[PDB]
Amino acid sequence: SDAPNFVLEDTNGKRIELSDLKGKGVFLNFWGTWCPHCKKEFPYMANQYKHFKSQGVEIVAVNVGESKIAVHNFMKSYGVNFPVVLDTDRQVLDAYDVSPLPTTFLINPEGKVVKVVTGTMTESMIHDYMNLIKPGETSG
């Protein structure tokens, strides 16, 4: 049930450790630039993140070991506005035993995996999933 801890660099070179996000809900995505689901769902995530960032939900979109350039090109094409990290050796992918691409893990403020999602997600499902993990209620 507990999300394995990991440390990866984001696309700006910043160290991101999962446990440094305790107290927040984490929408943890594993994805590749070629994935039909990701091309569709990344824009929905980016629109939802505009609302949920200020409700204590963080997104960590773990790319499965593709190049910096391929990742950058995808992020620009799909308007990504949330943290993307590079699982350069697929170590984290292996720790989470991820099969289909993509896979999403809903992690609560305590670091517990509350749902694993491999199906297609509408923007509404993404909204409800972020609600499922946000730390209580935050005032406007």
Side-chain angles (χ1 to χ4, degrees):
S1 252
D2 284 341
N5 190 207
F6 65 83
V7 185
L8 299 174
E9 283 187 338
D10 73 14
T11 52
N12 300 320
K14 195 185 85 195
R15 149 191 224 286
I16 295 191
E17 176 165 6
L18 189 62
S19 62
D20 277 351
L21 301 175
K22 290 231 197 68
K24 290 194 167 183
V26 183
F27 190 98
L28 183 66
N29 203 182
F30 291 84
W31 69 282
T33 62
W34 66 84
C35 299
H37 284 200
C38 309
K39 297 173 182 192
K40 198 178 177 172
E41 289 160 20
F42 267 46
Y44 300 162
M45 284 162 68
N47 198 46
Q48 290 303 312
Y49 189 61
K50 290 184 203 199
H51 173 80
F52 283 100
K53 188 170 157 55
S54 75
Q55 308 259 284
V57 170
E58 184 60 280
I59 292 169
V60 179
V62 187
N63 176 266
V64 300
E66 296 178 88
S67 71
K68 285 186 191 173
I69 192 48
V71 175
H72 174 266
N73 284 171
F74 187 96
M75 289 171 75
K76 188 170 140 182
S77 295
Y78 294 95
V80 171
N81 64 357
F82 48 79
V84 173
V85 294
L86 312 159
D87 195 9
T88 51
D89 297 307
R90 309 181 79 168
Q91 192 175 24
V92 183
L93 173 79
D94 298 347
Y96 278 74
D97 187 37
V98 172
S99 184
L101 311 192
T103 295
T104 298
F105 296 80
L106 298 182
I107 295 161
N108 71 198
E110 294 72 44
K112 162 173 165 196
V113 178
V114 299
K115 198 187 223 314
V116 179
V117 176
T118 55
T120 301
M121 288 186 294
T122 60
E123 191 170 344
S124 292
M125 296 167 52
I126 292 168
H127 182 278
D128 295 348
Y129 289 165
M130 287 181 181
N131 267 336
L132 178 66
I133 58 180
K134 70 185 194 184
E137 303 304 320
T138 297
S139 295

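Quick note: numbers below take in every heavy atom, side chains included, and nothing from hydrogens, waters or symmetry partners. One-based numbering along the sequence shown.
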Original post:
Residues in ring-ring contact (aromatic ring centres under 6.0 Å, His included) with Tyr78, at least two apart?
Top reply: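 For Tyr78 the ring-ring contact (aromatic ring centres under 6.0 Å, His included) partners, ignoring immediate neighbours, are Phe74.
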Using a 4.5 Å cut-off on heavy atoms from C-beta on, say whether the side chain of [Y] contacts that of [X].
X: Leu86; Y: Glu9; result: no
X: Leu93; Y: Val62; result: no
X: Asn29; Y: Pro102; result: yes
X: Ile16; Y: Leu8; result: no
X: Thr104; Y: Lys115; result: no
X: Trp31; Y: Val71; result: yes

Original post:
Do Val57 and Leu28 sit in the same hydrophobic cluster, where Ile, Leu, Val, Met, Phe, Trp and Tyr count as joined when their side-chain heavy atoms come under 4.5 Å apart?
Top reply: no
**OP:** Decide whether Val85 and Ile107 are clustered together by the hydrophobic rule: side chain heavy atoms of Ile, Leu, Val, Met, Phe, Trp, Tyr closer than 4.5 Å, transitively.
**Re:** yes
When rounded to the nearest 0.5 angstrom, what is the spacing between [atom1] in [X] and [atom2] in [Y]?
X: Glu58; Y: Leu18; atom1: CD; atom2: CG; result: 10.5 Å
X: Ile126; Y: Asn131; atom1: CD1; atom2: CG; result: 12.5 Å
X: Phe42; Y: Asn81; atom1: CZ; atom2: CG; result: 11.0 Å
X: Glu17; Y: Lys22; atom1: CD; atom2: NZ; result: 8.5 Å
X: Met121; Y: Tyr129; atom1: CE; atom2: OH; result: 7.0 Å
X: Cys35; Y: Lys40; atom1: SG; atom2: NZ; result: 14.5 Å

Heavy-atom neighbours of [X] [atom1] exceed 12 at 6.0 Å:
X: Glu123; atom1: CD; answer: yes
X: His51; atom1: NE2; answer: yes
X: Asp2; atom1: CG; answer: yes

For [Y], is there any backbone N or O sitting under 3.5 Å from a side-chain donor or acceptor partner on [X]?
X: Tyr44; Y: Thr122; answer: no
X: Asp128; Y: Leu132; answer: no
X: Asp10; Y: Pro83; answer: no

Any idea which heavy atoms bring [X] and [Y] closest together, and the distance?
X: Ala46; Y: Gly79; result: CB-O, 3.5 Å
X: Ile133; Y: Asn108; result: CG2-N, 4.1 Å
X: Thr118; Y: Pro100; result: CG2-CG, 3.7 Å
X: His37; Y: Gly119; result: CE1-C, 4.0 Å
X: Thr120; Y: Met125; result: O-CE, 3.4 Å
X: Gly32; Y: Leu101; result: N-CD1, 4.0 Å

**OP:** Describe, in one word, how the ring planes of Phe6 and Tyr96 are oriented to each other, choosing from parallel (under 30°), tilted (30 to 60°) and perpendicular (over 60°).
**Re:**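 Taking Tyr96 first and then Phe6, their aromatic rings stand perpendicular (interplane angle over 60°).
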**OP:** Would you mind telling me which of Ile59, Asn12, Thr11 makes a side-chain contact (heavy atoms from CB on, under 4.5 Å) with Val84?
**Re:**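 Only one option passes, and that is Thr11.
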**OP:** Only one of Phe27, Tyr49, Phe52 passes side-chain contact (heavy atoms from CB on, under 4.5 Å) with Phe82; say which it is.
**Re:**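 Looking at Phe27, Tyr49, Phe52, the match for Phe82 under the side-chain contact (heavy atoms from CB on, under 4.5 Å) is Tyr49.
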